[PDB]
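K.L.:
Here you go, coords-v5.cif (mmCIF, C-alpha atoms):
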```
data_start
#
loop_
_atom_site.label_atom_id
_atom_site.label_comp_id
_atom_site.auth_asym_id
_atom_site.auth_seq_id
_atom_site.Cartn_x
_atom_site.Cartn_y
_atom_site.Cartn_z
CA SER Q 6 0.00 0.00 0.00
CA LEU Q 7 1.04 3.53 -1.02
CA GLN Q 8 -2.27 4.96 0.04
CA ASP Q 9 -1.58 4.64 3.77
CA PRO Q 10 1.81 6.38 3.86
CA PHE Q 11 0.51 9.11 1.48
CA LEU Q 12 -2.43 9.96 3.77
CA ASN Q 13 -0.57 9.31 7.01
CA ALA Q 14 2.13 11.83 6.13
CA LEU Q 15 -0.47 14.50 5.34
CA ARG Q 16 -2.09 13.77 8.71
CA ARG Q 17 1.02 13.69 10.88
CA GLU Q 18 2.21 16.96 9.27
CA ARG Q 19 -1.28 18.51 9.32
CA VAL Q 20 -1.22 19.52 5.67
CA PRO Q 21 -4.30 21.23 4.15
CA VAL Q 22 -5.56 19.08 1.27
CA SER Q 23 -8.13 19.38 -1.51
CA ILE Q 24 -10.27 16.28 -1.92
CA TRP Q 25 -11.93 16.24 -5.31
CA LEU Q 26 -14.99 13.99 -5.57
CA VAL Q 27 -16.17 11.91 -8.53
CA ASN Q 28 -19.01 14.40 -9.15
CA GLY Q 29 -16.81 17.49 -9.41
CA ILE Q 30 -17.10 18.94 -5.91
CA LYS Q 31 -13.85 19.88 -4.21
CA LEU Q 32 -13.51 19.79 -0.43
CA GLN Q 33 -10.70 21.33 1.59
CA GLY Q 34 -9.50 20.62 5.09
CA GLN Q 35 -6.96 18.82 7.20
CA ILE Q 36 -6.93 15.05 7.33
CA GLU Q 37 -7.85 14.20 10.89
CA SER Q 38 -7.97 10.43 10.35
CA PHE Q 39 -8.75 7.59 7.89
CA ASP Q 40 -9.21 3.85 7.53
CA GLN Q 41 -9.61 1.43 4.65
CA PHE Q 42 -12.87 2.98 3.40
CA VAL Q 43 -13.26 6.54 4.72
CA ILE Q 44 -11.29 9.69 5.45
CA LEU Q 45 -12.19 12.00 8.34
CA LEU Q 46 -11.84 15.49 6.94
CA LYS Q 47 -11.70 17.92 9.88
CA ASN Q 48 -12.63 21.41 8.71
CA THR Q 49 -14.95 24.01 10.21
CA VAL Q 50 -16.88 20.75 10.71
CA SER Q 51 -15.45 17.22 10.93
CA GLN Q 52 -16.97 15.17 8.07
CA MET Q 53 -16.50 11.53 7.01
CA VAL Q 54 -15.79 11.10 3.26
CA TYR Q 55 -16.15 7.70 1.51
CA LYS Q 56 -13.08 6.87 -0.61
CA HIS Q 57 -15.31 5.40 -3.36
CA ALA Q 58 -16.70 8.97 -3.75
CA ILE Q 59 -13.17 10.47 -4.12
CA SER Q 60 -11.35 10.99 -7.44
CA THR Q 61 -8.11 12.55 -6.15
CA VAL Q 62 -6.43 13.88 -3.01
CA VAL Q 63 -4.36 17.00 -3.69
CA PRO Q 64 -2.05 18.64 -1.13
CA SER Q 65 -2.37 22.43 -1.48
CA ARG Q 66 1.40 22.87 -1.10
CA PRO Q 67 4.25 20.55 -2.12
CA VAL Q 68 4.99 18.72 1.14
CA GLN J 5 -13.65 -0.68 10.24
CA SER J 6 -11.51 1.47 13.00
CA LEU J 7 -12.73 4.92 11.93
CA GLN J 8 -16.00 4.24 10.06
CA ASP J 9 -17.68 1.99 12.64
CA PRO J 10 -17.09 4.09 15.77
CA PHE J 11 -17.97 7.28 13.92
CA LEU J 12 -21.30 5.84 12.75
CA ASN J 13 -21.87 4.19 16.14
CA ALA J 14 -21.25 7.37 18.11
CA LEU J 15 -23.77 9.08 15.83
CA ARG J 16 -26.27 6.23 16.31
CA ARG J 17 -25.97 6.02 20.08
CA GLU J 18 -26.04 9.76 20.64
CA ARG J 19 -28.93 10.09 18.18
CA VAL J 20 -27.30 13.09 16.51
CA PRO J 21 -29.03 14.44 13.37
CA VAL J 22 -26.79 14.12 10.28
CA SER J 23 -26.55 15.29 6.71
CA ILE J 24 -25.84 12.41 4.33
CA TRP J 25 -24.86 13.69 0.90
CA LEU J 26 -25.24 11.38 -2.03
CA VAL J 27 -22.88 11.35 -5.02
CA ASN J 28 -25.67 12.85 -7.17
CA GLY J 29 -25.72 15.94 -4.95
CA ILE J 30 -28.92 15.28 -2.94
CA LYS J 31 -28.85 15.86 0.83
CA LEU J 32 -30.68 13.34 3.02
CA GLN J 33 -31.30 14.23 6.66
CA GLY J 34 -32.22 12.32 9.79
CA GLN J 35 -30.81 10.08 12.47
CA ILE J 36 -28.88 6.88 12.02
CA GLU J 37 -30.95 3.93 13.20
CA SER J 38 -28.48 1.20 12.24
CA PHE J 39 -25.84 0.27 9.72
CA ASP J 40 -23.99 -2.73 8.35
CA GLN J 41 -21.30 -3.36 5.75
CA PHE J 42 -23.43 -2.01 2.89
CA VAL J 43 -26.29 0.11 4.10
CA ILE J 44 -27.28 2.79 6.58
CA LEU J 45 -30.85 2.92 7.85
CA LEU J 46 -31.72 6.58 8.20
CA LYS J 47 -34.78 7.49 10.27
CA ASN J 48 -36.94 10.59 9.94
CA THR J 49 -40.53 10.58 8.64
CA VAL J 50 -39.90 6.89 7.83
CA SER J 51 -36.97 4.51 8.12
CA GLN J 52 -35.25 4.65 4.70
CA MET J 53 -32.40 2.39 3.55
CA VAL J 54 -29.41 4.25 2.01
CA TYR J 55 -26.65 2.33 0.18
CA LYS J 56 -23.17 3.36 1.31
CA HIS J 57 -21.95 3.12 -2.30
CA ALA J 58 -24.19 6.09 -3.15
CA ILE J 59 -22.85 8.31 -0.33
CA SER J 60 -20.07 10.93 -0.61
CA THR J 61 -20.01 12.48 2.90
CA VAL J 62 -21.58 12.09 6.32
CA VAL J 63 -21.87 15.40 8.18
CA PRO J 64 -22.78 15.40 11.92
CA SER J 65 -24.90 18.38 13.09
CA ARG J 66 -22.70 18.66 16.19
CA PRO J 67 -19.15 17.47 17.02
CA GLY B 4 -22.91 -7.60 5.77
CA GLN B 5 -26.43 -8.86 5.14
CA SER B 6 -27.75 -8.45 8.49
CA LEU B 7 -29.85 -5.41 7.58
CA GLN B 8 -30.80 -5.38 3.91
CA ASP B 9 -32.70 -8.63 3.91
CA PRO B 10 -34.87 -7.95 6.96
CA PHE B 11 -35.58 -4.42 5.66
CA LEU B 12 -36.61 -5.53 2.14
CA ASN B 13 -38.46 -8.60 3.44
CA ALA B 14 -40.56 -6.49 5.80
CA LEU B 15 -41.62 -4.27 2.89
CA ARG B 16 -42.22 -7.32 0.68
CA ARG B 17 -44.28 -9.35 3.17
CA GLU B 18 -46.33 -6.27 3.98
CA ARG B 19 -46.76 -5.38 0.31
CA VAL B 20 -45.77 -1.76 1.07
CA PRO B 21 -45.26 0.50 -1.98
CA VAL B 22 -41.65 1.68 -2.23
CA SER B 23 -39.84 4.47 -3.98
CA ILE B 24 -36.48 3.21 -5.20
CA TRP B 25 -34.24 6.18 -5.97
CA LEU B 26 -31.48 5.60 -8.50
CA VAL B 27 -28.02 7.25 -8.22
CA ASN B 28 -28.92 9.27 -11.34
CA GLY B 29 -31.88 10.84 -9.48
CA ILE B 30 -34.61 8.88 -11.30
CA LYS B 31 -37.23 7.42 -8.96
CA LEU B 32 -38.78 3.96 -9.50
CA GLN B 33 -42.04 2.94 -7.83
CA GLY B 34 -43.81 -0.32 -7.05
CA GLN B 35 -43.84 -3.38 -4.85
CA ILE B 36 -40.85 -5.47 -3.91
CA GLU B 37 -41.46 -8.92 -5.39
CA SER B 38 -38.06 -10.46 -4.60
CA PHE B 39 -34.35 -9.74 -4.20
CA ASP B 40 -30.97 -11.44 -4.02
CA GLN B 41 -27.39 -10.30 -3.30
CA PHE B 42 -27.30 -8.03 -6.36
CA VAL B 43 -30.84 -7.30 -7.59
CA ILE B 44 -34.27 -6.25 -6.53
CA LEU B 45 -37.29 -7.25 -8.61
CA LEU B 46 -39.74 -4.38 -8.38
CA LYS B 47 -43.32 -5.30 -9.46
CA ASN B 48 -45.37 -2.46 -11.00
CA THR B 49 -47.11 -2.65 -14.43
CA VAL B 50 -44.29 -5.14 -15.14
CA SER B 51 -41.73 -6.93 -13.00
CA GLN B 52 -38.48 -4.99 -13.63
CA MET B 53 -34.99 -6.02 -12.43
CA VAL B 54 -33.13 -3.25 -10.52
CA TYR B 55 -29.36 -3.49 -9.84
CA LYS B 56 -28.48 -2.74 -6.21
CA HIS B 57 -25.27 -0.98 -7.40
CA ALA B 58 -27.49 1.66 -9.10
CA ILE B 59 -29.72 2.30 -6.03
CA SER B 60 -29.17 5.30 -3.74
CA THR B 61 -32.14 4.92 -1.34
CA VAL B 62 -35.11 2.60 -0.81
CA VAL B 63 -37.95 4.64 0.71
CA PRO B 64 -41.23 3.21 2.05
CA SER B 65 -44.47 5.12 1.40
CA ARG B 66 -46.03 4.35 4.81
CA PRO B 67 -44.26 3.98 8.23
CA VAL B 68 -44.22 0.14 7.97
CA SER H 6 -29.44 -16.15 -7.88
CA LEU H 7 -32.59 -14.42 -9.12
CA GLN H 8 -30.74 -12.55 -11.83
CA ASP H 9 -29.96 -15.63 -13.91
CA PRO H 10 -33.52 -16.95 -14.20
CA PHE H 11 -34.86 -13.42 -14.86
CA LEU H 12 -32.51 -12.78 -17.79
CA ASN H 13 -32.57 -16.40 -18.99
CA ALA H 14 -36.32 -16.38 -19.54
CA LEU H 15 -36.22 -13.07 -21.42
CA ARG H 16 -33.59 -14.63 -23.67
CA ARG H 17 -35.27 -18.03 -24.21
CA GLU H 18 -38.54 -16.24 -25.09
CA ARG H 19 -36.84 -13.54 -27.12
CA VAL H 20 -38.48 -10.71 -25.26
CA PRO H 21 -37.60 -7.13 -26.29
CA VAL H 22 -36.28 -5.36 -23.21
CA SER H 23 -35.48 -1.73 -22.42
CA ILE H 24 -32.26 -1.83 -20.40
CA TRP H 25 -31.38 1.35 -18.52
CA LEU H 26 -27.97 2.89 -17.97
CA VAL H 27 -26.71 4.56 -14.79
CA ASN H 28 -26.19 7.73 -16.89
CA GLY H 29 -29.73 8.06 -18.24
CA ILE H 30 -29.47 6.43 -21.68
CA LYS H 31 -31.92 3.65 -22.49
CA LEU H 32 -31.00 0.81 -24.82
CA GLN H 33 -33.54 -1.43 -26.51
CA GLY H 34 -33.11 -4.84 -27.97
CA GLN H 35 -33.29 -8.54 -27.33
CA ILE H 36 -31.04 -10.34 -24.89
CA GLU H 37 -28.93 -12.67 -26.99
CA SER H 38 -26.71 -13.90 -24.13
CA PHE H 39 -25.12 -12.97 -20.79
CA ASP H 40 -22.68 -14.06 -18.11
CA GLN H 41 -21.76 -12.85 -14.63
CA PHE H 42 -20.60 -9.41 -15.77
CA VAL H 43 -22.01 -8.57 -19.21
CA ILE H 44 -25.15 -8.87 -21.26
CA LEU H 45 -25.11 -9.20 -25.06
CA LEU H 46 -27.76 -6.85 -26.40
CA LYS H 47 -28.70 -7.89 -29.98
CA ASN H 48 -30.12 -5.02 -31.93
CA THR H 49 -29.79 -3.69 -35.40
CA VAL H 50 -26.25 -4.29 -33.99
CA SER H 51 -24.84 -6.58 -31.27
CA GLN H 52 -23.28 -4.81 -28.29
CA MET H 53 -21.86 -6.03 -25.00
CA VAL H 54 -23.23 -4.06 -22.00
CA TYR H 55 -21.44 -4.15 -18.61
CA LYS H 56 -23.91 -4.80 -15.79
CA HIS H 57 -22.08 -2.28 -13.60
CA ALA H 58 -23.30 0.39 -16.07
CA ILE H 59 -26.94 -0.87 -15.90
CA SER H 60 -29.56 0.46 -13.48
CA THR H 61 -32.61 -1.63 -14.55
CA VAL H 62 -33.71 -4.20 -17.12
CA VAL H 63 -37.32 -3.48 -18.10
CA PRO H 64 -39.30 -5.85 -20.36
CA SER H 65 -41.45 -3.94 -22.88
CA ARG H 66 -44.43 -6.23 -22.20
CA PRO H 67 -45.50 -8.32 -19.20
CA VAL H 68 -44.03 -11.70 -20.20
CA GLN K 5 -16.26 -15.45 -17.97
CA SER K 6 -17.94 -17.27 -20.77
CA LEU K 7 -19.43 -14.41 -22.72
CA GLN K 8 -17.10 -11.51 -21.97
CA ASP K 9 -13.78 -13.32 -22.62
CA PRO K 10 -14.54 -14.92 -26.01
CA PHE K 11 -16.28 -11.77 -27.20
CA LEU K 12 -13.29 -9.53 -26.36
CA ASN K 13 -10.96 -12.23 -27.72
CA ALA K 14 -12.71 -12.60 -31.08
CA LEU K 15 -12.48 -8.79 -31.38
CA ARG K 16 -8.78 -8.88 -30.48
CA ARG K 17 -7.85 -11.73 -32.81
CA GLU K 18 -9.81 -10.43 -35.78
CA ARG K 19 -8.57 -6.88 -35.14
CA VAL K 20 -12.05 -5.43 -35.63
CA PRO K 21 -12.41 -1.70 -34.91
CA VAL K 22 -14.74 -1.10 -31.92
CA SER K 23 -16.64 1.67 -30.22
CA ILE K 24 -16.13 1.70 -26.46
CA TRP K 25 -18.67 4.04 -24.83
CA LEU K 26 -17.72 5.21 -21.38
CA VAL K 27 -20.29 5.80 -18.63
CA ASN K 28 -19.79 9.57 -19.06
CA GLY K 29 -20.94 9.35 -22.68
CA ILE K 30 -17.55 9.65 -24.43
CA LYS K 31 -16.99 7.35 -27.43
CA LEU K 32 -13.44 5.93 -27.61
CA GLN K 33 -12.50 4.21 -30.89
CA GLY K 34 -9.77 1.80 -31.89
CA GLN K 35 -8.72 -1.82 -31.77
CA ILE K 36 -8.41 -4.11 -28.78
CA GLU K 37 -4.79 -5.00 -28.14
CA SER K 38 -5.32 -6.92 -24.90
CA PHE K 39 -7.42 -7.17 -21.77
CA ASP K 40 -7.43 -8.68 -18.30
CA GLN K 41 -9.90 -8.71 -15.42
CA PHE K 42 -9.81 -4.91 -15.02
CA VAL K 43 -8.55 -3.16 -18.10
CA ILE K 44 -8.73 -3.10 -21.85
CA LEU K 45 -5.81 -1.85 -23.89
CA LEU K 46 -7.18 0.10 -26.82
CA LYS K 47 -4.75 0.90 -29.66
CA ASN K 48 -5.08 3.77 -32.15
CA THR K 49 -2.55 6.61 -32.43
CA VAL K 50 -1.22 5.27 -29.11
CA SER K 51 -2.13 2.41 -26.77
CA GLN K 52 -4.36 3.71 -23.98
CA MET K 53 -5.46 1.80 -20.89
CA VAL K 54 -9.26 1.88 -20.38
CA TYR K 55 -10.69 0.68 -17.06
CA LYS K 56 -13.62 -1.70 -17.56
CA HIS K 57 -15.43 -0.15 -14.58
CA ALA K 58 -15.76 3.08 -16.61
CA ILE K 59 -17.24 1.36 -19.68
CA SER K 60 -20.96 1.09 -20.53
CA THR K 61 -20.96 -0.73 -23.92
CA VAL K 62 -18.60 -2.34 -26.38
CA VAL K 63 -19.82 -1.99 -29.95
CA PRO K 64 -18.02 -3.93 -32.74
CA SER K 65 -17.81 -2.29 -36.19
CA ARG K 66 -18.80 -5.63 -37.69
CA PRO K 67 -20.46 -8.80 -36.32
CA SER S 6 -1.59 -7.97 -14.56
CA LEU S 7 -1.66 -5.71 -17.57
CA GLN S 8 -1.96 -2.56 -15.51
CA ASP S 9 1.37 -2.93 -13.84
CA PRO S 10 3.50 -3.42 -16.96
CA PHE S 11 1.56 -0.61 -18.66
CA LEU S 12 2.06 1.91 -15.82
CA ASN S 13 5.60 0.71 -15.11
CA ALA S 14 6.57 1.28 -18.73
CA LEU S 15 5.16 4.80 -18.61
CA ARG S 16 6.80 5.37 -15.20
CA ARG S 17 10.29 4.09 -16.08
CA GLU S 18 10.32 6.03 -19.35
CA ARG S 19 8.96 9.14 -17.58
CA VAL S 20 6.32 9.57 -20.32
CA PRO S 21 3.77 12.32 -19.58
CA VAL S 22 0.23 10.95 -19.24
CA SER S 23 -3.28 12.27 -19.51
CA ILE S 24 -5.39 10.53 -16.87
CA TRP S 25 -9.06 10.97 -17.68
CA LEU S 26 -11.45 10.79 -14.75
CA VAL S 27 -14.97 9.32 -15.11
CA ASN S 28 -16.40 12.82 -14.63
CA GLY S 29 -14.52 13.85 -17.78
CA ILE S 30 -11.86 15.98 -16.09
CA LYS S 31 -8.36 15.33 -17.43
CA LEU S 32 -5.32 15.16 -15.09
CA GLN S 33 -1.74 15.43 -16.32
CA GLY S 34 1.74 14.61 -15.10
CA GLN S 35 4.20 11.78 -14.58
CA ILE S 36 3.55 8.51 -12.83
CA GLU S 37 5.62 8.35 -9.62
CA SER S 38 4.15 5.13 -8.33
CA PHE S 39 1.00 3.01 -8.02
CA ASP S 40 -0.51 0.23 -5.97
CA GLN S 41 -3.69 -1.85 -6.31
CA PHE S 42 -5.98 1.15 -5.72
CA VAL S 43 -4.08 4.37 -6.43
CA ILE S 44 -1.79 6.13 -8.83
CA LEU S 45 0.61 8.81 -7.59
CA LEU S 46 0.75 11.39 -10.35
CA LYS S 47 3.58 13.96 -10.11
CA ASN S 48 2.98 17.35 -11.73
CA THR S 49 3.45 20.59 -9.77
CA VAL S 50 2.71 18.42 -6.70
CA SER S 51 2.41 14.70 -6.09
CA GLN S 52 -1.34 13.95 -6.07
CA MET S 53 -3.01 10.60 -5.23
CA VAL S 54 -5.57 9.41 -7.82
CA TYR S 55 -8.04 6.58 -7.10
CA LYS S 56 -8.17 3.97 -9.85
CA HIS S 57 -11.96 3.64 -9.32
CA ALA S 58 -12.30 7.25 -10.58
CA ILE S 59 -10.18 6.74 -13.74
CA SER S 60 -11.68 6.08 -17.17
CA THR S 61 -8.53 6.08 -19.34
CA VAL S 62 -4.77 6.48 -18.95
CA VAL S 63 -3.34 8.01 -22.15
CA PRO S 64 0.36 8.38 -23.08
CA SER S 65 1.62 11.49 -24.89
CA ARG S 66 4.29 9.68 -26.95
CA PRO S 67 3.68 6.26 -28.54
CA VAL S 68 5.50 4.27 -25.81
#
```
Rewrite the structure of this file - the entire thing - as structure tokens.
P.N.:
Amino acid sequence: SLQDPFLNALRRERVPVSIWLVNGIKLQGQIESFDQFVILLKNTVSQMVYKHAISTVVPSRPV
Amino acid sequence: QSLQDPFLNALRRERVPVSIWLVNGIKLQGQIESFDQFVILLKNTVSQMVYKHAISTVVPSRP
Amino acid sequence: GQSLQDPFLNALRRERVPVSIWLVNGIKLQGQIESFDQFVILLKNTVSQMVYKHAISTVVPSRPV
Amino acid sequence: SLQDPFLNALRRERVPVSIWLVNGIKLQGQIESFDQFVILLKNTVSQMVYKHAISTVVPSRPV
Amino acid sequence: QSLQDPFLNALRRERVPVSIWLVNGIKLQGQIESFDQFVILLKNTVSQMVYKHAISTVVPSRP
Amino acid sequence: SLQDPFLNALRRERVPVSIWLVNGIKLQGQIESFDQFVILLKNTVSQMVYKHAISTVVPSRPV
């Protein structure tokens, strides 16, 4: 798995990401947590995003 | 299972109202009655069955 | 895993409750649940049509069961 | 499996069906053949349809 | 297995031009070079990898 | 099976790719790495792309 170190680094370092969804909508926030199926995106509000609904995870700055 | 399950369980036991957004953009509302590997039973006017595969985000109305 | 789908659909079926089945594309199907398996739901209306679970967003009863 | 007898009888009896796609498009034709993942829709032209792209299979007449 | 494989193989061996419609409505064109459980390699000006999960229909330019 | 040699060939040769998403948005960059579920695409930043959201991976130069 490359997924787990990619997300885990962005979570340890508290990097602001943009999570684009498969319908077009972008979301922005810090990655509070994740597991095999979902990512907890902690923003103004902490929301759970299903990976199946995600197209790409983009760090706002080069880490 | 180690983020998704306790997130959805905390919501279910505390009976917190949630916004469940589908991938097609619609926003369902209500309280989580129960959930398994595939579906979430969401209760409001009736108990409706929502397939996880059709959900983008789950948004708790309080932390 | 199965625990919940089968009892939920069976309750509607046995009680012949009219359901709205919403598709992920926003189209809404209507009718009675005639049967189901792991992947499909047969929805009886003017005809018995086969609906793929993968294309279903929500199953919504018409009356509070 | 309920799927196999449903499709098999529409094929044996050569019933014209109106398959539906998860994007909106409807296809019409007879079911020439199928397996676990695809259905062969025989029309003016034969085309293989992936089930994952199908929402519903609707017979044009009550069989 | 038994419909999808020999269909995509007869297309590959006979080098028949096909139309691969995606679920988003785009029509890719070209010849099947190879395929496994998940992807189809479609050759035209280059060889592009098309994920089956994103395909609605495969339409051969001849029977 | 075919994915790996395809992506590895693009990666090793550092061939720029267009990755089309199922929503029709096109991403661009180099392939850094990939696992069973994701492709790390390096452009201005290293972004993680979910395979489930990809329709087609397209090279810019014929291999």
K.L.:
Evaluate the PyMOL selection byres ((chain B and resi 38) around 12) on the structure here and hand back the selected residues as a list in words.
P.N.:
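Going through the file, the PyMOL selection byres ((chain B and resi 38) around 12) ends up selecting residues 9, 12, 13, 14, 15, 16, 17, 19, 34, 35, 36, 37, 39, 40, 41, 42, 43, 44, 45, 46, 47, 51, 52, 53 and 54 of chain B; 6, 7, 8 and 11 of chain H.
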K.L.:
Would you mind exporting C-alpha atoms of the selected residues as an mmCIF file, in the coordinates of the input?
P.N.:
```cif
data_model
loop_
_atom_site.group_PDB
_atom_site.id
_atom_site.type_symbol
_atom_site.label_atom_id
_atom_site.label_comp_id
_atom_site.auth_asym_id
_atom_site.auth_seq_id
_atom_site.Cartn_x
_atom_site.Cartn_y
_atom_site.Cartn_z
ATOM 1 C CA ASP B 9 -32.700 -8.630 3.910
ATOM 2 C CA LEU B 12 -36.610 -5.530 2.140
ATOM 3 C CA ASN B 13 -38.460 -8.600 3.440
ATOM 4 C CA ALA B 14 -40.560 -6.490 5.800
ATOM 5 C CA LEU B 15 -41.620 -4.270 2.890
ATOM 6 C CA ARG B 16 -42.220 -7.320 0.680
ATOM 7 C CA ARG B 17 -44.280 -9.350 3.170
ATOM 8 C CA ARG B 19 -46.760 -5.380 0.310
ATOM 9 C CA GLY B 34 -43.810 -0.320 -7.050
ATOM 10 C CA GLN B 35 -43.840 -3.380 -4.850
ATOM 11 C CA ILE B 36 -40.850 -5.470 -3.910
ATOM 12 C CA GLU B 37 -41.460 -8.920 -5.390
ATOM 13 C CA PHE B 39 -34.350 -9.740 -4.200
ATOM 14 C CA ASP B 40 -30.970 -11.440 -4.020
ATOM 15 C CA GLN B 41 -27.390 -10.300 -3.300
ATOM 16 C CA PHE B 42 -27.300 -8.030 -6.360
ATOM 17 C CA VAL B 43 -30.840 -7.300 -7.590
ATOM 18 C CA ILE B 44 -34.270 -6.250 -6.530
ATOM 19 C CA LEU B 45 -37.290 -7.250 -8.610
ATOM 20 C CA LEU B 46 -39.740 -4.380 -8.380
ATOM 21 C CA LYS B 47 -43.320 -5.300 -9.460
ATOM 22 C CA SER B 51 -41.730 -6.930 -13.000
ATOM 23 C CA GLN B 52 -38.480 -4.990 -13.630
ATOM 24 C CA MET B 53 -34.990 -6.020 -12.430
ATOM 25 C CA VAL B 54 -33.130 -3.250 -10.520
ATOM 26 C CA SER H 6 -29.440 -16.150 -7.880
ATOM 27 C CA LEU H 7 -32.590 -14.420 -9.120
ATOM 28 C CA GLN H 8 -30.740 -12.550 -11.830
ATOM 29 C CA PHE H 11 -34.860 -13.420 -14.860
#
```
K.L.:
Written as a VMD selection string, which residues does the PyMOL selection byres ((chain J and resi 18-27) around 7) give for the file shown?
P.N.:
(chain Q and resid 28 58) or (chain J and resid 14 to 17 28 to 36 58 to 65)
K.L.:
Next, write the just-selected residues to a file, as an mmCIF file, in the coordinates of the input, keeping C-alpha atoms as the atom set.
P.N.:
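Everything below was put into again_14.cif:
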```
data_model
loop_
_atom_site.group_PDB
_atom_site.id
_atom_site.type_symbol
_atom_site.label_atom_id
_atom_site.label_comp_id
_atom_site.auth_asym_id
_atom_site.auth_seq_id
_atom_site.Cartn_x
_atom_site.Cartn_y
_atom_site.Cartn_z
ATOM 1 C CA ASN Q 28 -19.010 14.400 -9.150
ATOM 2 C CA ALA Q 58 -16.700 8.970 -3.750
ATOM 3 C CA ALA J 14 -21.250 7.370 18.110
ATOM 4 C CA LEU J 15 -23.770 9.080 15.830
ATOM 5 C CA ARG J 16 -26.270 6.230 16.310
ATOM 6 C CA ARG J 17 -25.970 6.020 20.080
ATOM 7 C CA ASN J 28 -25.670 12.850 -7.170
ATOM 8 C CA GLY J 29 -25.720 15.940 -4.950
ATOM 9 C CA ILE J 30 -28.920 15.280 -2.940
ATOM 10 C CA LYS J 31 -28.850 15.860 0.830
ATOM 11 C CA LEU J 32 -30.680 13.340 3.020
ATOM 12 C CA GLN J 33 -31.300 14.230 6.660
ATOM 13 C CA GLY J 34 -32.220 12.320 9.790
ATOM 14 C CA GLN J 35 -30.810 10.080 12.470
ATOM 15 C CA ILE J 36 -28.880 6.880 12.020
ATOM 16 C CA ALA J 58 -24.190 6.090 -3.150
ATOM 17 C CA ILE J 59 -22.850 8.310 -0.330
ATOM 18 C CA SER J 60 -20.070 10.930 -0.610
ATOM 19 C CA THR J 61 -20.010 12.480 2.900
ATOM 20 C CA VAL J 62 -21.580 12.090 6.320
ATOM 21 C CA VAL J 63 -21.870 15.400 8.180
ATOM 22 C CA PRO J 64 -22.780 15.400 11.920
ATOM 23 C CA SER J 65 -24.900 18.380 13.090
#
```
K.L.:
Assuming the chain letters and numbering stay as they are in my file, what does the PyMOL selection byres ((chain S) within 6 of (chain K)) actually select? List them as a PDB file with C-alpha atoms, in the frame of the given file.
P.N.:
```pdb
ATOM      1  CA  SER S  60     -11.680   6.080 -17.170  1.00  0.00           C
ATOM      2  CA  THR S  61      -8.530   6.080 -19.340  1.00  0.00           C
ATOM      3  CA  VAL S  62      -4.770   6.480 -18.950  1.00  0.00           C
ATOM      4  CA  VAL S  63      -3.340   8.010 -22.150  1.00  0.00           C
ATOM      5  CA  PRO S  67       3.680   6.260 -28.540  1.00  0.00           C
TER       6      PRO S  67
END
```
K.L.:
Scan for residues within 12 Å of the point (-31.6, 1.9, -23.9) in the coordinates of the file, using all atoms listed in the file, and reply as a compact mmCIF listing (two decimals) with C-alpha atoms, keeping the file's coordinate frame.
P.N.:
```txt
# COMPACT_ATOMS: atom_id res chain seq x y z
CA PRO H 21 -37.60 -7.13 -26.29
CA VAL H 22 -36.28 -5.36 -23.21
CA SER H 23 -35.48 -1.73 -22.42
CA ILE H 24 -32.26 -1.83 -20.40
CA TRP H 25 -31.38 1.35 -18.52
CA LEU H 26 -27.97 2.89 -17.97
CA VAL H 27 -26.71 4.56 -14.79
CA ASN H 28 -26.19 7.73 -16.89
CA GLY H 29 -29.73 8.06 -18.24
CA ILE H 30 -29.47 6.43 -21.68
CA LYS H 31 -31.92 3.65 -22.49
CA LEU H 32 -31.00 0.81 -24.82
CA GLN H 33 -33.54 -1.43 -26.51
CA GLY H 34 -33.11 -4.84 -27.97
CA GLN H 35 -33.29 -8.54 -27.33
CA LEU H 46 -27.76 -6.85 -26.40
CA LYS H 47 -28.70 -7.89 -29.98
CA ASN H 48 -30.12 -5.02 -31.93
CA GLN H 52 -23.28 -4.81 -28.29
CA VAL H 54 -23.23 -4.06 -22.00
CA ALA H 58 -23.30 0.39 -16.07
CA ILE H 59 -26.94 -0.87 -15.90
CA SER H 60 -29.56 0.46 -13.48
CA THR H 61 -32.61 -1.63 -14.55
CA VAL H 62 -33.71 -4.20 -17.12
CA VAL H 63 -37.32 -3.48 -18.10
CA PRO H 64 -39.30 -5.85 -20.36
CA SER H 65 -41.45 -3.94 -22.88
CA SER K 60 -20.96 1.09 -20.53
CA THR K 61 -20.96 -0.73 -23.92
```
K.L.:
Report as CSV: every residue of chain B with an atom at most 12 Å from chain J, its closest pair of atoms, and their distance in Å to one decimal, counting all atoms listed in the file, with rows sorted by chain and ascending residue number.
P.N.:
```
residue,atom,partner,partner_atom,distance
B:4,CA,J:41,CA,4.5
B:5,CA,J:40,CA,7.3
B:6,CA,J:40,CA,6.8
B:7,CA,J:40,CA,6.5
B:8,CA,J:43,CA,7.1
B:9,CA,J:43,CA,10.8
B:10,CA,J:53,CA,11.2
B:11,CA,J:53,CA,7.8
B:12,CA,J:53,CA,9.1
B:14,CA,J:51,CA,11.8
B:15,CA,J:52,CA,11.1
B:22,CA,J:52,CA,9.9
B:23,CA,J:52,CA,9.8
B:24,CA,J:53,CA,9.7
B:25,CA,J:54,CA,9.5
B:26,CA,J:58,CA,9.1
B:27,CA,J:28,CA,6.2
B:28,CA,J:28,CA,6.4
B:29,CA,J:28,CA,6.9
B:30,CA,J:28,CA,10.6
B:41,CA,J:42,CA,11.1
B:42,CA,J:42,CA,11.7
B:55,CA,J:55,CA,11.9
B:56,CA,J:55,CA,8.4
B:57,CA,J:57,CA,7.3
B:58,CA,J:58,CA,8.1
B:59,CA,J:55,CA,6.9
B:60,CA,J:58,CA,5.1
B:61,CA,J:54,CA,4.4
B:62,CA,J:53,CA,5.1
B:63,CA,J:52,CA,4.8
B:64,CA,J:52,CA,6.7
B:65,CA,J:50,CA,8.1
B:66,CA,J:50,CA,7.3
B:67,CA,J:50,CA,5.3
B:68,CA,J:50,CA,8.0
```
